[PDB]
Amino acid sequence: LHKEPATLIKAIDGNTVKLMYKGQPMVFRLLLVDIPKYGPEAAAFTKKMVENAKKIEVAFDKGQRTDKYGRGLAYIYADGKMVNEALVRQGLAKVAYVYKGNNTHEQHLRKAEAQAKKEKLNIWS
């Protein structure tokens with residue numbers, strides 16, 4: 001998948017952020033990440049990862065690129081590290097059902113989730 005540059009504009013929550021993409025603002029929903037008392041923790045985690053980053057990148061998958069609410073559906077990277085995966089591995093989010101063919105990192109995410117589950121981390125306490 002192609003990683004494209006972006007600039008953080010504003011953190012919203014665990015799996016949602018506003019970014020400057022291709023010369024304009026756009027809300028992005030992190031692909032394959034679902035947020036089920038960890039809502040604030042997830043929000044804080046993502047916020048910190050993207051604000052302290054010296055580089056943000058977005059990578060669209062092979063399926064539909066935006067949901068019905070107009071948000072871009074992608075894998076977000078902070079300093080080369082995928083936020084989507086970090087959240088799941090930290091047990092702050094579960095892996096969501098694949099949406100419109102966007103499943104490139106599903107397996108990689110299910111593994112991270114399994115490990116988080118094995119570790120009884122946060123949501124898996």
Scope segment 55-81; condition in contact with a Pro (Cβ under 9 Å, 6 or more places away or on another chain) and surrounded by fewer than 14 Cβ atoms within 10 Å (Cβ to Cβ); matching residues: 55
Scope segment 42-66; condition touching a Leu at 6+ places or on another chain (Cβ under 6 Å) and more than 16 Å from residue 103 (Cα to Cα); matching residues: 42, 45, 50, 56
Subset of segment 55-66 [closer than 19 Å to residue 82 by Cβ and part of a loop (DSSP other than H, G, I, E, B)]: 55, 61, 62, 63, 65
For segment 91-125, name all the residues that are crowded, with 19+ Cβ neighbours inside 10 Å and of a type in the set (S, T, N, Q). 102
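Quick grid of which residues meet (1) of a type in the set (A, V, I, L, M); (2) under 15 Å from residue 78 (Cα atoms):
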site: 8; (1), (2): yes, yes
site: 14; (1), (2): no, yes
site: 19; (1), (2): yes, yes
site: 23; (1), (2): no, no
site: 26; (1), (2): yes, no
site: 38; (1), (2): no, no
site: 48; (1), (2): no, yes
Tell me which residues, restricted to segment 64-79, are closer than 18 Å to residue 21 by Cβ and not hydroxyl-bearing (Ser, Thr, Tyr). 64, 65, 67, 70, 71, 72, 73, 74, 76, 78, 79
For residue 123: the one exception among (1) in contact with a helix residue (DSSP H, G or I) (Cβ under 7 Å, 6 or more places away or on another chain); (2) β-branched (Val, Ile, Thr); (3) farther than 23 Å from residue 3 by Cβ: (1)
Residues of segment 67-97 that turn out to be assigned to a loop (DSSP other than H, G, I, E, B) and touching a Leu at 6+ places or on another chain (Cβ under 7 Å), as a count: 5
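Each value in this text was obtained by applying a stated rule to the coordinates, not by laboratory testing. Positions of Cβ are backbone-derived with ideal geometry, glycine not excepted, and every protein chain shown enters the neighbour counts.
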